[PDB]
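Just one chain is shown here, as structure tokens, and it is the form deposited in one PDB entry.
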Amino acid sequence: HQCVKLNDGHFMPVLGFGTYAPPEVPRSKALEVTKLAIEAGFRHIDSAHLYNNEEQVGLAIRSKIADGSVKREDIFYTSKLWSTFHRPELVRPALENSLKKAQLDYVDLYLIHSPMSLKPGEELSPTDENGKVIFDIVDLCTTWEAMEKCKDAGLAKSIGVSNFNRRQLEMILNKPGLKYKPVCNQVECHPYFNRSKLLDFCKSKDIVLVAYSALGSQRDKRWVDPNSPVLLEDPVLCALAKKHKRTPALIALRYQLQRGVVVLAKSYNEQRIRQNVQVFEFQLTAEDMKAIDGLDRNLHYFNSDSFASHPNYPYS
């Protein structure tokens, strides 16, 4: 049920449904599970141009509105501007295309998906002849201006950013003539990577931190090393799970909720979708919180340093 108030005065449900699934998973699944998530109780839905599921996720949302389960106002829908669209003249059409695909009139949240700008083209990841990705140099404040223009048009209720470090946040915040600061920063966050001081910064700036891969990434081989720890097998999460008679995933999600973090949870399994909303049913003790805090190992699951050269690369 619970929402947080955004600095532009809109309200974001603190539990969101992540919709990304690898190209293998048939697109029809995005429709089914998103309806399941809405039936379960999720009211915040996270998607992006990159995910290649906006049509199906939007269709699920329209279906739940049309069968009378919720109203458009109950749903908080996020899309993300992909990095090949950072040039300002590309921002508004990318949003309009996302809206045409999803068949909604606005998104509640439009994010700059990443700070690392890419070469403009109808290619999602443009490669040169050696197969390496071609970067673009774009002053992200101009991107932000085009985002603000989308807000004024009513195409996006709120606007924010994703995968931005402290300096990139402040570069947007110091911007001359800034009309709107980001309501949120959506970054990887979980017990192995808590973002304690990035979160503290954000709290100071009235910017929500939004956790993704908060259950530990889907452990895709293309992006994640198999030798990495599996977050849900962690001894302390498993112990706390058995103590509260919950699951390690529920522990992780509740952990974020009690540090004032809005948390996403991907699941394409009906049981787990309906289990994840139980995060509102129990509390962790202050000592449980301390013990989960103790797991912080500054661990990225997404191996990104193949892009270390990028001037806007966030882990510089």
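Definition used throughout: the rigid core is the maximal C-alpha set that superposes within 1.5 Å between two forms. Residues that one form lacks are left out of the comparison. Residues carry their position along the shown sequence, with the first being 1.
Once the C-alpha B-factors are averaged per stretch, 206 to 214 and 169 to 177 rank with 169 to 177 first.
Taking the mean C-alpha B-factor of each stretch as recorded, 27 to 35 and 281 to 289 are not equal, and the higher mean is that of 281 to 289. Note on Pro88, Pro93, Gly160, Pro126: the highest value goes to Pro126, judged by CA B factor as recorded. The residue among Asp105, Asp108, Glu233, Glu73 whose C-alpha atom has the highest B-factor in the PDB entry is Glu233. Among the modelled residues of its chain, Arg222 has a C-alpha B-factor that falls in the highest third, as given in the PDB entry. Ranked against the other modelled residues of its chain, the C-alpha B-factor of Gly16 as given in the entry falls in the lowest third.
Ranked by C-alpha B-factor against the other modelled residues of its chain, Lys101 falls in the lowest third.
When the modelled residues of the chain are ordered by C-alpha B-factor, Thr143 sits in the middle third.
Sort the modelled residues of the chain by CA B factor and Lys243 lands in the middle third.
Just so you know, the form deposited in another entry exists too; it's not on screen, but the next bit is about it.
After superposition on the rigid core, the C-alpha displacement between the shown form and the other one reaches 2 Å or more for just one residue among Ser204, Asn174, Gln103, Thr127, namely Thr127. With the core held fixed between the shown form and the other one, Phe302 has its Cα displaced by under 2 Å. Relative to the shown form, the CA atoms of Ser304 and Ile172 are pushed 3 Å or more farther apart in the other form.
By 3 Å or more, the C-alpha separation between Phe201 and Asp305 grows in the other form relative to the form shown here. After superposition on the rigid core, stretches of three or more consecutive residues whose Cα atoms move by at least 2 Å between the shown form and the other one are found at 127 to 133, 304 to 311.
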